[PDB]
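Asker: Just dropping in an experimental structure and the matching sequence.
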Amino acid sequence: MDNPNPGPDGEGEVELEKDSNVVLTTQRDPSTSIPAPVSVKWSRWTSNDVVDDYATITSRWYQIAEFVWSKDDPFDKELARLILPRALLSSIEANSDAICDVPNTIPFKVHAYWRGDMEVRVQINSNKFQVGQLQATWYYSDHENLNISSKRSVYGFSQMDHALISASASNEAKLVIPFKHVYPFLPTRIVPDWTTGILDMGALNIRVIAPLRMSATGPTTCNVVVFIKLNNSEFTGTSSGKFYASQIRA
Amino acid sequence: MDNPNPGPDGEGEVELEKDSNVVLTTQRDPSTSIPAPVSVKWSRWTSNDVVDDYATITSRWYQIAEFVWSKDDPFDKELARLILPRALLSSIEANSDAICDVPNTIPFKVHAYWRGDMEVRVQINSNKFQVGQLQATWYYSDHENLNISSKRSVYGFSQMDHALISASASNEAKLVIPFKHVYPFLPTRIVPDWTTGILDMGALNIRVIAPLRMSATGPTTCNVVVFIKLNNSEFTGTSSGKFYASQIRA
Amino acid sequence: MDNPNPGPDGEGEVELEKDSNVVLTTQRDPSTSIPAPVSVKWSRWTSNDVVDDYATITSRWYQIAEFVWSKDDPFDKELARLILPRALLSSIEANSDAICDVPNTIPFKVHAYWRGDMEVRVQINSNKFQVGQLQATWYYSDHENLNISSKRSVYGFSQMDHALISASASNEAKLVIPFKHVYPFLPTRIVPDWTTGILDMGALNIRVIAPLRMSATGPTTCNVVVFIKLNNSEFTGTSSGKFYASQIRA
């Protein structure tokens, strides 16, 4: 079946992802990447306090990153290497804004410990005349590894669970990332231990496998949007906001 | 389903509209605009004489207009403001041709009064690299309104029944226009009343909502075809042709 | 149905033709051309000796020709006029290679007489911005006709069984050519008769019906691939290879 019928509305389907007071669309189905099974709820294990999450409020879609994709970028050059708990907060905090100001962060302010699966969209608007390729990959503990520069390479992450994005026919990388840390919970700020590496479950990272191969005088620049949903969460550990921690640098 | 298979014949469907000794096609389904219900037959009311229409002859598709669409045309600039009974005749008469010469007009020559629904095609051949938009709109009595210049605007006709045409993915505006005048019949020429505004049931009018937005050195010009079918008619009122009226100017 | 969904893999089906240790694909269904019924097996008629063919070995897909398609080529200019038994061997022999070296020829070396249907692919990689047209046509005995230059024309072969190839939406010409000679068998080399015209069942020939109509500075050159399958064969007539014949010139 192939009859093209673009009316006053150029025809084509648009799948949407609402899902909680925010609707974000994608005109092209994503290339998913599921690195692990869905995480069970270990609140009834580690902590016996206010055991809950926040539905309509922390299970939304906030923006955490956005960047540029150009012909200048050589073969393996990561556009982002963003930590995943974590840079949800660390993006907003360095936006000359506070964590307290946004609805998808506020319990991190009050509550001490967090556990939950993650959802991520790597949406880009590239043109059909751009011949490039990216790869969004996940690593459940990047900073803990010593020589991960060895792994920090397009070759290395192809070896593992990832998603693929090609400039033409742009395209989205779905990226379901459930919770798998060593300890079942994460600490939102400084704690009797975890005096650093606060709220870090691993980093995402997008490098390049094919530069934007542009014709003579073709459009140079491109762009990426990183979105994140925090579903299936649990926030036990009620603590005043003066105990909080404005996350570390990029 | 999306497998593209363009053989020696580039594949794609072509819907056709024959319908009476003329076949006109459209490779893209139209955006219809039905302003009113189908009109009932009031011949057995106003006049008791030869009560009939003409099938294969006046229910065809003649051309009445054609024009240019260019980047120069600013935002709201009507390409045509053509009266609808009316300019079926008024186009041919000013073509240095006579009404008598064409089969889709001849009963208007002889017969005194006419009633009937109308069918109209606003077909254009624009290219997929042209980013513009038109709007064909109908008004069951334009000349009767005094300040209709107020209405003569892209904003105003969007308020009402219309069709939309965008340059890219060109595209057709189906435009079924049934009979709705004040008096159930129309006079083909001067009459004991209707000494002017002869044969006028309202005017069609195509303005611009988006100019042809062309890249550097992209194709400048475009073009429109206006076709018209006169179905569901009735022509009671037999009169010699020396009583006829060559319609007024553009 | 027309929803376009080109993921990291630009979506679209790819039909394949394996068929015997070689897989060749075509992303666009072919325009077939069947000039005759399937040939019956006349081995149990002409010759009472080792009656067999060779499956996995001579029923493969070898390349016999490839050439250039450019704007310079005027209206009717044959890109190839290749004989069909025949140039399967005659291409390889003039490749500074021997017949003995390739698996799809070796029985022709040993065996004296051959009969069999033929399969041919005229695959080309033209771009969607090239507006040309070719025509691959078959003639069960071209050399036998005296004034076939009269027939050697785009007009003439359109009169008969052929396939059509247009530059844009490139495209393949399937070309099933069963055996129909005067005598039911063909001689692989010189023989008590057939002292010339060795192994010739007719010639294929691709001319032009529409040159590559290229925009300013659009891509000039193009290209064709000719493939051939020799199925439904029969090779009776065992003879030493010193009796063989390296085919005549192009």
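Answerer: Perfect, I can see it now. Numbering: from 1, shown residues only, chains lettered A, B, ... in the order given.

Asker: near chain B, which residues of chain A?
Answerer: A:1, A:2, A:3, A:4, A:5, A:6, A:7, A:8, A:10 (CB under 8 Å from any CB of the partner chain). All C-beta atoms are positioned from the backbone trio N, CA, C, and that covers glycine.

Asker: Please enumerate the helices of chain A.
Answerer: For chain A, applying DSSP state H gives helices covering A:43-46, A:55-58, A:87-93, A:106-110, A:154-158.

Asker: In space, what's closest to the closest residue to chain B within chain A - neighbours in sequence excluded?
Answerer: Per CB to the nearest CB, residue A:6 is where chain A lies closest to chain B, at 3.4 Å. Excluding its sequence neighbours, the residue lying closest to residue A:6 (CB to CB, 6 or more residues apart in numbering or on different chains) is residue B:169, at 3.4 Å.

Asker: ok, now which ones touch the one you found?
Answerer: By CB atoms under 8 Å, 6 or more residues apart in numbering or on different chains, the residues touching residue B:169 are A:6, A:7, A:10, B:28, B:128.

Asker: hmm, back to that, from what I can see the residue of chain A closest to chain B touches residue B:28, true?
Answerer: Yes: the pair residue A:6 / residue B:28 is scored as a contact, 6.6 Å apart, by CB atoms under 8 Å.

Asker: Which one's more surrounded, the two?
Answerer: residue B:28 (21 against 17; other CB atoms under 10 Å in any protein chain shown).

Asker: Please see if stretch A:174-191 touches chain C.
Answerer: No: counting by CB under 8 Å from any CB, chain C is not contacted by stretch A:174-191; separation bottoms out at 10.7 Å.

Asker: Can you give me the buried ones in that stretch?
Answerer: A:174-179, A:181, A:184-189, A:191 (16 or more other CB atoms under 10 Å in any protein chain shown).

Asker: Just those: which are in strands?
Answerer: A:174, A:186, A:187 (DSSP state E).

Asker: quick one, what contacts the closest residue in space to the second one that isn't next to it in sequence?
Answerer: Computed as CB to CB, 6+ apart, the closest residue to residue A:186 that is not its neighbour in sequence is residue A:114, at 5.0 Å. By CB under 8 Å, 6+ apart, the contact list for residue A:114 reads A:85, A:107, A:108, A:185, A:186, A:187, A:188, A:199, A:233, A:234, A:235.

Asker: Which single residue of chain A ends up nearest chain C?
Answerer: residue A:169 (3.4 Å).

Asker: wait, doesn't residue A:32 sit right on residue A:174?
Answerer: Yes: using CB under 8 Å, residue A:32 is in contact with residue A:174, at 4.1 Å.

Asker: circling back to that earlier point, tell me which two of the contacts of residue B:169 sit farthest apart.
Answerer: With CB to CB as the measure, no two of the contacts of residue B:169 lie farther apart than A:7 and B:128, at 13.5 Å.

Asker: From residue B:62, how far out is the residue nearest to residue A:186?
Answerer: 73 Å (CB to CB, to the nearest Å).

Asker: Surely residue A:127 and residue A:219 touch.
Answerer: Yes: using CB under 8 Å, residue A:127 is in contact with residue A:219, at 5.9 Å.

Asker: What residues does chain A have near chain C?
Answerer: Residues of chain A lying close to chain C by CB under 8 Å from any CB are A:1-5, A:11-13, A:28-31, A:133, A:163-166, A:168-169, A:171.

Asker: PyMOL command to pick out the buried ones of those residues?
Answerer: Selection of buried members from these for PyMOL, criterion 16+ other CB under 10 Å:
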select buried, chain A and resi 2+3+4+11+28+29+30+31+133+163+164+165+166+168+169+171
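
Asker: among the residues of chain A next to chain C, which are in strands?
Answerer: Per DSSP E, the residues of chain A next to chain C map to strands at A:133, A:163, A:164, A:165, A:166.

Asker: For stretch A:241-250, what is the distance to the chain centroid?
Answerer: Its chain's C-alpha centre and that of stretch A:241-250 lie 20 Å apart, by CA atoms, centre = their mean, to the nearest Å.

Asker: That's all I had, so thanks and see you.
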